[PDB]
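Chemist: Below are the C-alpha cells for one structure; questions will follow.
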Amino acid sequence: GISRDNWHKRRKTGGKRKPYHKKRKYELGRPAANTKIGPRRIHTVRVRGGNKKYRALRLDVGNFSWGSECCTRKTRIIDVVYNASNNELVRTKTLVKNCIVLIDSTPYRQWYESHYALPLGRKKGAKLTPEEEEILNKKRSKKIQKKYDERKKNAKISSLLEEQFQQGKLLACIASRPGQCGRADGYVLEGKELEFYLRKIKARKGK
Amino acid sequence: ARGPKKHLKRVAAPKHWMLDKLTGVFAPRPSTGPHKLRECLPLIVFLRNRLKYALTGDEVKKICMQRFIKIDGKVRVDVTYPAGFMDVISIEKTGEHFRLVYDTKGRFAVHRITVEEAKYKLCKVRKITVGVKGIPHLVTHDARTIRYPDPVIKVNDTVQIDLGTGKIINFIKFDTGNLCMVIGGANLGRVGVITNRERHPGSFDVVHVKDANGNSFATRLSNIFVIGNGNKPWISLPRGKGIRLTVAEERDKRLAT
Amino acid sequence: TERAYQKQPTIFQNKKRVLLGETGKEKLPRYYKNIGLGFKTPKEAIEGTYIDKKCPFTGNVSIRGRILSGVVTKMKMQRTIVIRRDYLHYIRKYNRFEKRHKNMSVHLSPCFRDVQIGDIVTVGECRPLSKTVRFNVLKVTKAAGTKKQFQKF
RNA sequence: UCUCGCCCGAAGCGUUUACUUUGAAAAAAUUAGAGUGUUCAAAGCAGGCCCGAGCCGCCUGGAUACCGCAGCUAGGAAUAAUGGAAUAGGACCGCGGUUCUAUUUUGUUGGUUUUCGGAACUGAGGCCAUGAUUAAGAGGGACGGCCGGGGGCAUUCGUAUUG
RNA sequence: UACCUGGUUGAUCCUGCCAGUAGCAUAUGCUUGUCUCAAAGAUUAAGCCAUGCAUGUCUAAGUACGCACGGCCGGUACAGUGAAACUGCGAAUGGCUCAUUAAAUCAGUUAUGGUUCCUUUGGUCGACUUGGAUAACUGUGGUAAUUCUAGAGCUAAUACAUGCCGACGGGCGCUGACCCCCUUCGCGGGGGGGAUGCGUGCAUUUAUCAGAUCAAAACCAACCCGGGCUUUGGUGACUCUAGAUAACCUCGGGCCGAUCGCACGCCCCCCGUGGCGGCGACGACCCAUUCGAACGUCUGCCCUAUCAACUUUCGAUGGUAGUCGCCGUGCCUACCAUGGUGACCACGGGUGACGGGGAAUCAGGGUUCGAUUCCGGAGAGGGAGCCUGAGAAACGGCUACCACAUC
RNA sequence: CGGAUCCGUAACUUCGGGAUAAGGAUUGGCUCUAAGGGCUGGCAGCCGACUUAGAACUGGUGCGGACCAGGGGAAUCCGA
RNA sequence: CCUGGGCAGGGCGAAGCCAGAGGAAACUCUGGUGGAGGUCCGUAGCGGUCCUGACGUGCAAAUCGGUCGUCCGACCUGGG
Ligand SMILES: [Mg+2]
Ligand SMILES: [Mg+2]
Ligand SMILES: [Mg+2]
Ligand SMILES: [Mg+2]
Ligand SMILES: [Mg+2]
Ligand SMILES: [Mg+2]
Ligand SMILES: [Mg+2]
Ligand SMILES: [Mg+2]
Ligand SMILES: [Mg+2]
Ligand SMILES: [Mg+2]
Ligand SMILES: [Mg+2]
Ligand SMILES: [Mg+2]
Ligand SMILES: [Mg+2]
Ligand SMILES: [Mg+2]
Ligand SMILES: [Mg+2]
Ligand SMILES: [Mg+2]
Ligand SMILES: [Mg+2]
Ligand SMILES: [Mg+2]
Ligand SMILES: [Mg+2]
Ligand SMILES: [Mg+2]
Ligand SMILES: [Mg+2]
Ligand SMILES: [Mg+2]
Ligand SMILES: [Mg+2]
Ligand SMILES: [Mg+2]
Ligand SMILES: [Mg+2]
Ligand SMILES: [Mg+2]
Ligand SMILES: [Mg+2]
Ligand SMILES: [Mg+2]
C-alpha cells in the first residue's frame, strides 16, 4: 500500500490539503530490495501494461566496460565501497545505480595479453606463468602491428591503474539500475573520476 | 472513469453524423480504426441513415457479415467500422463507388465515381522515420506504414496510393500554388489554392489559402489535405469546387431552384 | 571546482592523451547544446566551469510549451530563483481591472551572472524539475537600472 | 544586408506590456434564427416532385449568430507607465597589436605556415548641430521686512477672597 | 411590456420601511370533459432492506467416445444437431447518488522529446508432430444447509511444458598456417594476397567512436590513371531516429506455428509413400495509428479578520546522488543550504458547495439556482489492504476491523 | 512518580510566576563516525583533555539495574 | 554591645552588555552574555510536623529511628 502520490502533501505555502482519494492503482509503490553480493537470485515483478521487471535480490556475476580502450568482459562482483549517497548502504552492501564495485582484474588480463603483449602484474619475477606468453612467437607483421599498439600508441595505463592492477583490483562505477533490469552493468573509473573516488576512499580510510 | 469508454450518447454524438433526438438514446460508437472519432463516419450511418438502404441497423449488421460491403478492397465484418476522408466504398454488384469527400456544410458528401478512378486513391503522409537495418518508413494518416517509400517525400505531402498492390505513386510537395482541401476545424470542406504559409516556433504554423472569385481563408497545418496540382484536382469533387459562397447566396440558389 | 559526489553529464573524459606526456587544457571536453527557438547560447556555457544537470544548455532539459516573462525578486534559494508576474484581470460587472500576481520559483542556471534584483527575465516551460519548479530561466533582458554608477567603498 | 534565389522573397525580430480590429480555437444539447401545413402550435428534422402501377427514378435541408475572462497569430500607434547619453563605460564607419576555431584548395594520405569567415581583449584620432524639454495659479527648499493670546522655561506686577 | 399603488399628520412635502403586483418552483385546498408531450424519494435519512431480476457468450474455422437425436452404412480414426465442461474475451461499460472535495475537481488553451496502452488497421514475422497433468463422465460420500468440496479410473486442445529441419553459407571484426614483388652478403625495411578457429539477425543492459553549408596556396615523406576523384533522415531544438565497436541477454528464462476450416484440381516421376497450395479466425518480439488513462503549463471559485502571520522532528523550500513507480518529480532515503507563501487577504474555519454547458428573471448593467437526462470527478454503510487483468485499490470481486443483520 | 536527555505544558495572575504543571519516548554492554584545541616554518608539520551528537551489532524488554530520590490534579476557609 | 569562626552541589534566570531581523517613524522581536534574590530541591548546622512509633522503675528527672521545615541568611555559634 505504498503511495508515491503527491495529493497528501502541502501546497506552495504549506496549507494542509484535504484528502479525498483512496490511494488508487495507477500510483503503485513496491518495497526496496537491497541487492546483496551473494549468488545470482532474480525474481519477477508484474508491471502495469503487461511488462515484466527483473528484481535482483542478490547478484554474483556482473558486466563492466573498460573506458579508454573500448573493451568489455564478464566480471565477478567482489565488494561494495563508497555508495556516496548513504554510507549505511556501504556496510549493508547494497547495489544501486551509482555505486563502486571492485572488479577482479583477471578477465582483463587475457585480452591485455592477446592485444597488448609484454603485460604487467606478474610480481616482477619474469620466470613464472608459462601462459603462451612467448609460445606463439608472433610470426608475421602483426608482431610489428602489436609493436605499434604497444610502443607507438604506447599503451599507457599509468601509475594509478598500474598500482590497481598490481594490487589485483579495479574500481568500477555502476551505470545501470540493479533493481530494475536485474543487471549490475557498469564502467571502469578512469582519470579524473578515478583520482576523485580514490581521494574520497583514501580520506574515508584515513580519517 | 476506469479504462476506455465503450458507449456513446446521441446528445454527445458529433454534429456531422446527422443523428436524431427522438430515434435512440445511444449513438453508434465506431470501433478503433485508422481515423479518430471526430473525423470518421460509421458504416451503419452510411448504410442506414444517409443512403436509405436499410431502415434498421440489424439489416446492416446482417449484410456486412453477408460479405457485400468492402472498404478499400477487403470486406469489413464490423457494422460500426470507422471510415474517414478520402476513402473508396464499393459494393460488388453495380456501379457504386462512393468517395467520402466533405460538403460545403462540413458533412460527408457522396460522390459516385467511375471504376478507373475508383481503382486509385490519394493519401496524406502523417510522418516519416527510419527503422530496422536503416530502411525508411512512412506513416500515413490512414494508418498505413509503408517501407522504402521515396527519398523526396516531405512530411506534409499527399501521395497517390494503389489499393490493389499497396504501392505509392506520384507524390507532390507542399508548395505555393497547390490546390488543397481543409478537412478539420470551423472551415472544413474548403477547397482553395495554397497562397502563403507562415512558420512559428511554437509548434504550430498557419496557412493562408485563396480560391476562385476572390475569397481567402486561413487554417492550421493539422487540417490541410492537398488534393490538386496547380489548380488541377486529381479527384473530381462534386457540386462545383465545393465553395461556400454566402448564406444569402444559398438563399438565392434556393429561390432560383 | 566541484563540491559534490559526482559531476559528469555525458562527455567521456579521457582521450588517452598520454602519448608524449603533457597536461594541456581540460575545458575543451564540454557538452554544448543549442536550445533553438531563435535564442543565443551565452558564452558562459561555452567557456564556463560549472556542471549542471538541470541547465537547458547542458542537461537534458527540453524547452517546450509556453514562454512567459517575470521580474526577479529573491536570490537566497540555491541555483533557482523566485519571479513575480504582475497582471490585470478584466471584470465584467464593475468594468475595470485589478492587480493580481502569482510568485513562481524558476530554475536559474549558474551561467547567467549579473542576476541583480529588478530585471525582466524570460522563462520557458519545461518538464517538472521539482515540486514547485516547472519553468526555466531562458533570457535575461534588463540590466535592472544603471550599472555604470558606483558607490562609496 | 544582397550572405541567402534596379526590385521582390527570405532572414536579422521586437524593450515589454496594457487597449483595440481581423484570423484560427473548442462539444454536442440549450438560446436567437433559415427552410419545412407535426391538422395550427409546443414540437421534430423533415420532405418536395413526375409517373392512369410500367422513371426497376430525381432534387434539397438537417445552416448561420453568440461562445465573457485566459492563451496563439496578423495590423493600428491616439491615451495610459516603462528603455536610452551626465562621472559618458554613448551608435556608425576603416585602419594597430594579442589569442582561438572549423573546412575549400595545392591529383590522394601524414607534418609546418599564410590569406580567409567569426568570436574575445587592448591602444590612438576623426565623424554626432557630440548628449540634459522650460520650470505647472503642482510640490519641496533658501532669502528678509513682518506677523500673531502658536508652544516651552525663568522672572515681575495687579486688585479681590480668607486668616 | 425601461410602469407602480395604499399606510405616520388637523392638513401638505420628504427620507424611510411595511403591505398589495407579476413570473419563477416545492407542497397543499377545491374542481376536472378531450388530446399531444411530459418531471417524478434532491432537500429530512450517502438511513435500513424481505422478495424477483439486472452478464453472459460457439463459428464450415481451438477441445465432442455425453449416456440425447439421426446419417444409411459399408467399414480405412474423424462428417450433421449436439446438453455439459477445458480455453479466450467481457463483467474496469452501463445504470444510481452527490456524502466528502474551495486553484481541489472542473472550464478555456497548450504537451509527454517525461509514459503505458487491450482491440482494430499497416510493416515485421528468414520434425511425418514430443511429455506429464486435468475438467465434463462413471461409481462413491459427508453435515442442517452455501455457486461446499476431497478421495478411485480415464480422456482431450490455442491447458502447461519440451523441442527440430530448411539454407546457401554470403559479408565483417580479431587471431591465423601459407604465399608474391623490390632492395640488402644477411639482418631488416616497403607494398599486395590468404586456408583453419572464435563471434552473427530484432529486443533487453552497458560503455565507446564517426557523423551537413564556405573558397586559395607555398615546402618535406609515401602512391592511382591518362597536370588531374567519392557524402543516412527529421524537429524550433536532443542524451531523436539510424550505423559501427566488445560483452551480458537474467530458470519466476522475449520472438523466430509441435493450430483449425473451405472448395479441390495439377505436375516431375520408379510406387507417391513428394511437390505445385489459393483463401480465411488466433496473437507473436517490436514500431506507428486508433480508444482511453496519467501527472503537467497560463487564467478563472461562495462567505468569514470575533481566522494575521502560516509551513518546517512524521520535507517546509532548494541542491547533490540513490530507491520505488510506466515516466519527470522531496514520492521516499542520506548529506548540505535555510528556505517557501502572505494585507494584491497567505494560513485556518463554515457552506443547507459536486465543477460546467445551462435555468429563472424581459431597457442596459445585474441577482439567484444548476442534485438531476450531456462532459468530467467522487463513492458503493465507514475506511484499510490485495489476486486476476492491458485497464480496479473494482465492491451484482476477495481478506481483516467497527456498526448493522439472516439460518 | 522519583536521576538525566528530547518533545509538550492548562485554569488564574500583582505578568514576576504557577512549573520539575500535568502527559509521552529513551536509558545496558561493545564497536565506530563527526565536531569542539595547543605549539613551530614563509598553507604545511608535531603534541594531548573530556564533552556532545549520530549510526551499527548484541544480551531472556534488560538497562537511575545497588545507592542517590518530587505522587499528581480539582477546590473551600485562614494567614499575603 | 564588642570580638572571632562557619555554611557541599544543582534548578529558576533580574538589571546592564553584544549581535541580528522587521518598520516610514515611534518602536518591536530573536539568539547569546551576565549572575540578581529576606528565590526552589538538598548536605553539614539549627529546630522538631507526624508515626500520638521505641522506650516510658528507659541511655536520658525529655532521649532515640524513620518521616521532616529551613539552609546567604529576620542564619548558626564560641569568649568578654
Ligand atoms: Mg582511528
Ligand atoms: Mg460509469
Ligand atoms: Mg514695520
Ligand atoms: Mg409612503
Ligand atoms: Mg413585498
Ligand atoms: Mg526526509
Ligand atoms: Mg455536501
Ligand atoms: Mg430574461
Ligand atoms: Mg441580463
Ligand atoms: Mg477524467
Ligand atoms: Mg482530471
Ligand atoms: Mg470506483
Ligand atoms: Mg459496478
Ligand atoms: Mg447491488
Ligand atoms: Mg479546569
Ligand atoms: Mg500548581
Ligand atoms: Mg465563597
Ligand atoms: Mg504565615
Ligand atoms: Mg530562600
Ligand atoms: Mg515551588
Ligand atoms: Mg517542599
Ligand atoms: Mg527537640
Ligand atoms: Mg524527634
Ligand atoms: Mg508516642
Ligand atoms: Mg515496657
Ligand atoms: Mg531535611
Ligand atoms: Mg526533605
Ligand atoms: Mg528552601
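Per Swiss-Prot, chain C residues shown: 6-158, in order.
Each residue, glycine too, has its Cβ placed from N, Cα and C.
According to Swiss-Prot, the record shows the following:
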| type | residues | note |
| --- | --- | --- |
| MOD_RES | C:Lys38 | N6-acetyllysine |
| MOD_RES | C:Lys45 | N6-acetyllysine |
| MOD_RES | C:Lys58 | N6-acetyllysine |
| LIPID | C:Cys60 | S-palmitoyl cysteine |
| MOD_RES | C:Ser67 | phosphoserine |
| MOD_RES | C:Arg69 | omega-N-methylarginine |
| MOD_RES | C:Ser110 | phosphoserine |
Chemist: Minimum Cβ neighbour count within 10 Å among the modified residues C:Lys45, C:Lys58, C:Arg69: which residue?
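Modeler: Minimum Cβ neighbour count within 10 Å, taken over the modified residues C:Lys45, C:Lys58, C:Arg69, occurs at C:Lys45.
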Chemist: Which three-state DSSP class does C:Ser67 (phosphoserine) fall into?
Modeler: coil
Chemist: Within 10 Å of the Cβ of C:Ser67 (phosphoserine), how many other Cβ atoms are there?
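Modeler: I get 14 for this one.
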Chemist: Let me check the 10 A CB neighbour count of C:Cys60 (S-palmitoyl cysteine). How many other CB atoms are there?
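Modeler: Other Cβ atoms found within 10 Å: 24.
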Chemist: Under 8 Å Cβ-Cβ from C:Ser110 (phosphoserine), six or more apart in the same chain: what's there?
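Modeler: Looking at Cβ-Cβ distances below 8 Å from C:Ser110 (phosphoserine), excluding near sequence neighbours, one finds C:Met82, C:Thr85, C:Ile86, C:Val87, C:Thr137, C:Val138.
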Chemist: Hey, how far is C:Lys38 (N6-acetyllysine) from C:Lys58 (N6-acetyllysine), Cα to Cα, in Å?
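Modeler: One finds 13 Å between the Cα atoms of these residues.
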